[PDB]
Number of protein chains: 2
Amino acid sequence: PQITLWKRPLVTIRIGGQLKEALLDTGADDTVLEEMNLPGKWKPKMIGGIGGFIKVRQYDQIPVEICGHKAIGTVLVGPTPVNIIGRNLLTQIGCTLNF
Amino acid sequence: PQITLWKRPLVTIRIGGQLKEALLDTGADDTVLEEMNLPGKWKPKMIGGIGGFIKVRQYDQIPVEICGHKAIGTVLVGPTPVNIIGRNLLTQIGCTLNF
Ligand SMILES: COC(=O)N[C@H](C(=O)N[C@@H](Cc1ccccc1)[C@@H](O)CN(Cc1ccc(-c2ccccn2)cc1)NC(=O)[C@@H](NC(=O)OC)C(C)(C)C)C(C)(C)C
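What you see is numbering from 1 along each chain in written sequence order, possibly unlike the entry, with residues lacking coordinates removed. For this description, chains carry letters from A and ligands carry numbers from 1, given in the order in which they are written. Derived side-chain values reflect all non-hydrogen atoms in the structure, with water molecules and hydrogen atoms excluded from consideration. Residues with missing side-chain atoms are left out of burial classes, side-chain pairs and their counts.

- As deposited, the entry is annotated with X-ray crystallography as its determination method and 1.7 Å as its resolution.

**Details of the interface of chain B and chain A**
Here is step 1 of the chain: In this complex, chain B contributes 36 residues to the contact, which on the side of chain A involves 35 residues.
Here is step 2 of the chain: Those elements that provide at least two residues to the side of chain B that touches chain A are β1 (2–3), β3 (18–24), β6 (52–66), α1 (87–90) and β9 (96–98) of chain B.
Here is step 3 of the chain: Three residue categories are used. Nonpolar comprises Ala, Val, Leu, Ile, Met, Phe, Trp, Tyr, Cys and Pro, charged comprises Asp, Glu, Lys and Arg, and polar comprises the others, including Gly. Residues of the side of chain B that touches chain A, tallied by class, amount to 18 nonpolar, 13 polar and 5 charged.
Here is step 4 of the chain: We call two strands paired when DSSP finds no fewer than two bridges between them. A run of H or I in DSSP becomes a helix once it reaches four residues, and a run of E becomes a strand once it reaches two; helices and strands are each numbered from the N terminus. Two strands pair when backbone bridges link them, and strand β1 (residues 2–3) of chain A and β9(B) are joined in this way by 2 bridges, in the antiparallel orientation. Residue pairing for β9(B): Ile3(A) is matched across the bridge by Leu97(B). A contact between two residues is defined here by any heavy atoms of the two lying within 4.5 Å.

**Considering the sheet that holds strand β9 (residues 96–98) of chain A**
Here is step 1 of the chain: With antiparallel pairing, 4 strands are arranged side by side in an open sheet as β1(A)-β9(B)-β9(A)-β1(B). A single partner strand is all that each edge strand has here, and the edge strands are β1 of chain A together with β1 of chain B.
Here is step 2 of the chain: In this structure, β9(A) lies alongside β9(B), joined through 3 bridges in antiparallel fashion. Across the sheet, residue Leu97(A) finds its bridge partner in β9(B), namely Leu97(B).

**Some details on the nonpolar core**
Here is step 1 of the chain: Residues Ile13(A), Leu24(A), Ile66(A), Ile13(B), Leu24(B) and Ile66(B) are the most contacted members of the largest nonpolar core, which totals 47 residues.
Here is step 2 of the chain: Setting aside chain neighbours within four positions, we find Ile13(B) in contact with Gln18(B), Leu19(B), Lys20(B), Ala22(B), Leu33(B), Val64(B), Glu65(B), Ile66(B) and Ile85(B). Think of a nonpolar core as a cluster: buried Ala, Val, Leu, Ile, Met, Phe, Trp, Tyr and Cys residues, connected wherever their side-chain atoms sit within 4.5 Å. Each residue is placed in one exposure class: buried if its accessible area under a 1.4 Å probe, protein chains only, is under 20% of its type's maximum, exposed if it is over 50%, and partly exposed if it falls in between.

**Examining the relation of the copies chain B and chain A**
Superposition of the two copies of the chain requires a rotation about an axis together with a shift along that axis.
Here is step 1 of the chain: The copies are each rotated and translated onto one another by least squares, with the C-alpha atoms as the fitted set. In the superposition of chain B on chain A (RMSD 0.4 Å, axial shift 0.0 Å), the rotation amounts to 179°. Both copies are brought into coincidence by an operation consistent with a two-fold rotation axis.
Here is step 2 of the chain: In this assembly the copies share their binding face: 94% of the residues contributing to the interface of chain B also contribute to that of chain A.

**Side note on unusual backbone geometry**
All names here are of chain B.
Here is step 1 of the chain: A positive phi angle, close to 55°, is found at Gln 61, a residue other than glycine.
Here is step 2 of the chain: One can find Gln 61 in strand β6.
Here is step 3 of the chain: One non-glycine residue, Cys 67, lies in the positive phi region at around 45°.
Here is step 4 of the chain: Judged by its relative accessible area of 35%, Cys 67 is partly exposed.

**Examining the environment of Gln2(A)**
Here is step 1 of the chain: Structurally, the position occupied by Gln2(A) is in strand β1.
Here is step 2 of the chain: Linking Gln2(A) and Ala71(A), residues 69 residues apart in sequence, is a C-alpha distance of 19 Å.
Here is step 3 of the chain: Leaving out residues up to four positions away in the same chain, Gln2(A) has contacts with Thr96(B), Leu97(B) and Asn98(B).

**Some points on the site of the ligand**
Here is step 1 of the chain: Around the ligand, a shell composed of 24 residues is seen, among which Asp25(A), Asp29(A), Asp25(B), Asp29(B) and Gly48(B) lie nearest.
Here is step 2 of the chain: The residues that come close to the ligand belong to more than one chain, namely chains A and B.
Here is step 3 of the chain: Contacts to the ligand include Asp25(B), whose side-chain N or O atom sits 2.9 Å from an oxygen atom.
Here is step 4 of the chain: Think of a polar contact as two N or O atoms within 3.5 Å of one another; within protein, one of them needs to be a possible hydrogen donor and the other a possible acceptor, and neighboring residues in sequence only count if both atoms come from side chains. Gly27(B) places a main-chain nitrogen or oxygen 3.2 Å from an oxygen atom of the ligand.
Here is step 5 of the chain: Among the secondary structure elements, those contributing two or more residues to the shell around the ligand are β5 (43–49) of chain A together with β5 (42–49) of chain B.
Here is step 6 of the chain: Element by element, the count of residues in the shell around the ligand is highest for β5(B), at 3 residues. Distances are taken per atom, and a residue is near a molecule or strand as soon as one of its heavy atoms is within 4 Å of it.

In structure tokens, the structure reads:
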């Protein structure tokens, strides 16, 4: 699909057996999801945005479906106001910026 | 052009007669530049990201050339690690996300 930027580029994702709304974010190195209790080992990490750093849990090799396109990679989980799909997954579905 | 996302989508912009590198950011509502002087009256504003809120200077109706494409719009200036081009200007240059 082609997604215009008149509104926030929110799409449906599937993860851990839940459907969620997430922002397709070319300004994000990493994928950061709202708090959820995924199974498996994780590692602590601190990630920084505009207002400073937050503590997140890093989970590896989590399958994520983005608009019916399959992806698998690292997901960070923590106190974010919005679910963010970053470049680590956007590359996997062949996402480009075009103008 | 078509820009892939295996690296950060940094492009050269021209603003106030100066050249700067900036991130094309579909997850940003607003355009936020590192601290710099711009001509004209500004008003204090607050904007929020991950890590919380920051105070910025809001400048209205600033021309910005993004990879040779002209935009004129609101530019915020404040403490950011990277220059961010957000949706307010991305829409002006006809930028879309495609996969
Ligand atoms: C209405 O809210 C917004 O649109 N808020 C904004 C914002 O922070 N956007 C976020 C996504 C977002 C939206 C709304 C609420 C919370 C978060 C991103 O589009 C841009 N942001 C802007 C940003 C980009 C880079 C950096 C940075 C950090 C360390 C070293 C180099 N750069 C910091 C902030 N990037 C990041 O925060 C990412 N950071 C990142 O990839 O760090 C490398 C995360 C996500 C992985 C944390 C702006 C201030 C830019 C307008």
